[PDB]
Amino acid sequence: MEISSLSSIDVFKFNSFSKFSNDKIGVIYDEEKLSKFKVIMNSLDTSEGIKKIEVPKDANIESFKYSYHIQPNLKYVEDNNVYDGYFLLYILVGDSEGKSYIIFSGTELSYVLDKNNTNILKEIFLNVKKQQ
């Protein structure tokens, strides 16, 4: 299963570490931001700058530049066929050490990302706005 494309990322207020948020902030549609997030998502288990870790249970949102619950809406390839899918993620971008975290909602699967990846995440999540 490989992500071929993202169509959007729905962005929600980070209001829980256990339940995916229904407090919607906005949506990311920009092709370049989506392409950069795809690359990160496809490199979680194969990059020197990303590491699988236990869920940081004592993390809090005030320690990070950006904290959101996000739903990347995507297409993936499996068995030479294309499928529509999504993920429900908690994302914590840019702590005091320049690290970031991605947690898969409803699981204990999580990753820590290095400064290089954090810089990319800061580009992706800059000025998330509601059309209002």
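For every residue, the number given is its place in the sequence shown, counted from 1.
Novice: Quick check: 32 to 40 versus 56 to 64, which has the larger average CA B-factor in the record?
Specialist: On average, C-alpha B-factors are higher across 56 to 64.
Novice: If you take the mean CA temperature factor per stretch, which one wins between 65 to 73 and 78 to 86?
Specialist: Averaging CA B-factors over each stretch, the winner is 78 to 86.
Novice: Ranking the modelled residues of this chain by C-alpha B-factor as given in the entry, is residue 113 in the lowest, middle or highest third?
Specialist: Lowest third - that is where residue 113 ends up once the chain's C-alpha B-factors are sorted.
Novice: Please rank the C-alpha B-factors of the chain's modelled residues and tell me whether residue 18 sits in the lowest, middle or highest third.
Specialist: For residue 18, whose C-alpha B-factor we compare with every modelled residue in the chain, the answer is the middle third.
Novice: Sort the modelled residues of this chain by their C-alpha B factor and say whether residue 120 lands in the lowest, middle or highest third.
Specialist: Within its chain, residue 120 is a middle-third residue by C-alpha B-factor, going by the deposited values.
Novice: Quick check on the deposited entry: does the C-alpha B-factor of residue 8 sit in the lowest, middle or highest third of its chain?
Specialist: According to the entry, residue 8 has a C-alpha B-factor in the chain's lowest third.
Novice: Relative to the other modelled residues in the chain, which third contains the C-alpha temperature factor of residue 26: lowest, middle or highest?
Specialist: Residue 26: CA B-factor falls in the middle third of its chain.
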